[PDB]
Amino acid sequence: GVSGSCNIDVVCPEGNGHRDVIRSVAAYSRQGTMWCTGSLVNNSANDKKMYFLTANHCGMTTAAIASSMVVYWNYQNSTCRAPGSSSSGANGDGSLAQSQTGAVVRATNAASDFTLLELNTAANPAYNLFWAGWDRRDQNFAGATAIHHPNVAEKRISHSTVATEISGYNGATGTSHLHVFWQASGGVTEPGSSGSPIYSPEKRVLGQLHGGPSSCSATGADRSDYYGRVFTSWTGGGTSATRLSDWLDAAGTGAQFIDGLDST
């Protein structure tokens, strides 16, 4: 696929601290068309359920639509294309051969733009998946990392090395979103990156991409994005079909954050 050249292929050295959670992230199609990003999340039972977090605006919100989604694992460029180069802006060499079809919708809610699916097919050990941890505490972090499929193309990584902020979407009054500021010449996110995770420094999901002003040409405060918060989605719309808590902590352990789980 094709995305902005300033983005950073996950196989680049910039991915060296994220070789586990890289394997959580997937691209998917909707009604056959490459559409959005999501990622696999662990739950407090550490049971490998195929919980797959994405964005509500991607429209994976009915049983009918979820039934025919196709999830593509391990779609990334085989080599590190220099960020900012014509190569990085070119069609990559990723494979779309490792896939699975079908899901059900466990919860969805507009306010924090989240959808939690559960994929129908158990993880194929051969795909070498990872279920990422999460952190639902009400706080900002000193930096964060995005792993995403911009334009639903090969997987990329984008780092933030400044504090997050809490606000409503697009800077409005509110607390539903984490505002993440990209590096002046670093990776960003693009349409199709929606639903991709943002990870704390401890590699725990804090939210999933809603949208924002960033692009490779964006400067200043425009080089940033908003993530619907796990903190907010945890309680969501106050019902099991509109929140994360029933799914990610079904046994009521009281966990405020958990670590990931490998397929190994």
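Residue numbers run from 1 along the displayed sequence.
Peer 1: Please work out which of 159-167 and 82-90 has the higher mean CA B-factor as recorded in the PDB entry.
Peer 2: Between 82-90 and 159-167, it is 82-90 that shows the higher mean C-alpha B-factor.
Peer 1: Quick check on the record: does 191-199 or 212-220 carry the larger mean Cα temperature factor?
Peer 2: Of 191-199 and 212-220, the stretch with the higher C-alpha B-factor average is 212-220.
Peer 1: Name the one of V152, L119, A132, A126 with the greatest CA B-factor according to the PDB entry.
Peer 2: Most elevated C-alpha B-factor of the set, per the entry: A126.
Peer 1: What's the residue among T145, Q98, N77, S112 with the greatest CA temperature factor in the PDB record?
Peer 2: So the option with the highest C-alpha B-factor is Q98.
Peer 1: For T253, does the deposited CA B-factor place it in the lowest, middle or highest third of the chain?
Peer 2: It falls in the top third of the chain.
Peer 1: For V71, return the chain-relative third of its C-alpha B-factor as stated in the PDB record: lowest, middle or highest.
Peer 2: It belongs to the lowest third of the chain when residues are ordered by C-alpha B-factor.
Peer 1: Using the B-factors in the PDB entry, rank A63's C-alpha atom against the chain and give the third, lowest, middle or highest.
Peer 2: Within its chain, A63 is a highest-third residue by C-alpha B-factor, going by the deposited values.
Peer 1: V21: which third of its chain by C-alpha temperature factor?
Peer 2: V21: CA B-factor falls in the lowest third of its chain.
Peer 1: When the deposited Cα B-factors of this chain's modelled residues are ordered and cut into thirds, is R204 in the lowest, the middle or the highest one?
Peer 2: Within its chain, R204 is a lowest-third residue by C-alpha B-factor, going by the deposited values.
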